[PDB]
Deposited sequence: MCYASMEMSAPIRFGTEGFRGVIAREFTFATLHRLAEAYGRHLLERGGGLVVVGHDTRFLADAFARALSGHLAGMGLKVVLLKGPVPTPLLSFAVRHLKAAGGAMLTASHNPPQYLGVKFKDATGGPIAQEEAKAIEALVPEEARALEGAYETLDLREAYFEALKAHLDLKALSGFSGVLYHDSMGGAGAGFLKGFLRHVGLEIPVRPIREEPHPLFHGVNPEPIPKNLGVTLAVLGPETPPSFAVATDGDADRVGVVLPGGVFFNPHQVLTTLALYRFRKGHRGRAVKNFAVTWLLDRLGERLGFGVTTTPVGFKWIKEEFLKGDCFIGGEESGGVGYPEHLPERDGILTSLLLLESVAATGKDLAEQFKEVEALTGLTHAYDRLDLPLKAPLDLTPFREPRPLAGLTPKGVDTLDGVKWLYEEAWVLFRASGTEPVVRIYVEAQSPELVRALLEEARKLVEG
């Protein structure tokens, strides 16, 4: 029969013109509209990133939903996922749909749904929408408004930043947009609040092929940025936002990569010292330095399986101050129960200005306070000369060691954290031979 449209951890994803076609988009639109009408209808906000035809798919989805009876607002131009999520809450909409494949290769596109709280829909809602996908659908049209909420988004951001402290930043901020939707948002925000902090753009021009790399802010896709920062000096640094800017990667002077674990713990420490209380939420693949920081300084740490839905559920409890993943996505409860790479970039900037220490130095302080050294890598039974100290199968299989951890996840992906990059590499080499044949 017709091609079954199965979702994959929130939303649908596929290769453009293969599984992700206008025909499939309209079937998904029908499912989503029926789902919303069953709950009272309302306003729906639609957005898209810079991927090829994302704009056309978004217009098609908007028209279809409008033709079904939903009030629709399509955000003007490519927008970061967090702006779409913000718009949903700001406009008091029943939900939102974002055309994006985030950090995935150029050929992919997908639809990611947000609920009224301005964050990813829960699994239960995802299943409900999936169940309503019809075998066949029509390219229904309808009238809708197209709005620009950039200014309002900037005003919302302002409310969660220490502008006085920010003005003290003495360096330059490089912003590698990777040809993605985060382009111009950092300069925009600063200009919006009259902060004369210089922002030097890198790959700012929107590009469906993201200038020849995957819009995932990791070393293999950051060659150009690692080069630009090579001869730079502290406290200047670069933030690289992914395709839809819900994630960020950092590059320091000398062309040194500052990973998600370093970003998350550095920001957790900074926010904690500013007085924020409650617990930090992290998925299963996040550094154990966060757990240690929490035990050392006095804040709880909740560990969840991989999937931001788990972090959002906890945020809505109202007793959290930060939530993060090993992929660069970080959420701030008092802002939105969503990953926001733009706010993450601005908080990193704030931390450097307020503390007077560049990111590398702030992380060194994290290592001092935790008493642990950090090294990490990912590749997709005792190992090396390490004596195991237990196993944890919350999500996948994690072998515990003294000062080292090895996680196997059959999504096979091997995540390793150890005291040195050399041990990390050795562990991966020995762990690998365990999945060979």
Extract from the deposited sequence all ranges with no corresponding C-alpha coordinates, numbering residues from 1.
1 to 7, 388 to 402, 434 to 438
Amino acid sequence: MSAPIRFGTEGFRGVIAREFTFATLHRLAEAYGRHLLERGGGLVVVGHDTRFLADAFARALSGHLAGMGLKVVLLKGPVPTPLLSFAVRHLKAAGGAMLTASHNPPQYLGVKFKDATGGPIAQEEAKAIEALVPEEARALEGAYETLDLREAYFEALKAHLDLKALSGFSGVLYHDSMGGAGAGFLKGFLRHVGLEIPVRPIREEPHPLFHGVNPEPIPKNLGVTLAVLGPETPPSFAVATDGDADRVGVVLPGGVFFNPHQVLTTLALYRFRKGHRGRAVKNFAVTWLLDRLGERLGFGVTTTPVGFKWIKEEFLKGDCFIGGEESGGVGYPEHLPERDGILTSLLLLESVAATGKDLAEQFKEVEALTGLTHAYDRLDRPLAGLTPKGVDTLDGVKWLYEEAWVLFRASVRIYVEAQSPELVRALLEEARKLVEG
From here on, numbers count along this sequence of modelled residues.
Averaging only over Cα atoms, indicate whether 334 to 342 or 227 to 235 has the higher B-factor in the PDB entry.
227 to 235
As stated in the PDB record, which stretch has the larger average Cα B-factor, 182 to 190 or 241 to 249?
182 to 190
Identify, among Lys312, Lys274, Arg292, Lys282, the residue whose C-alpha carries the highest B-factor in the deposited PDB entry.
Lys274
From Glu365, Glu350, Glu216, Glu124, residue of greatest CA B-factor
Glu124
What third of the chain, by the recorded C-alpha B-factor, contains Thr21?
lowest
According to the PDB entry, is the CA B factor of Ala58 in the bottom, middle or top third of its chain, that is, lowest, middle or highest?
lowest
Please place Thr355 in the lowest, middle or highest third of its chain by C-alpha B factor as given in the entry.
highest
Sorting the chain's CA B-factors, does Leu65 end up in the lowest, middle or highest third?
lowest
Using the temperature factors of the C-alpha atoms in this entry, rank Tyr174 within its chain: lowest, middle or highest third.
middle
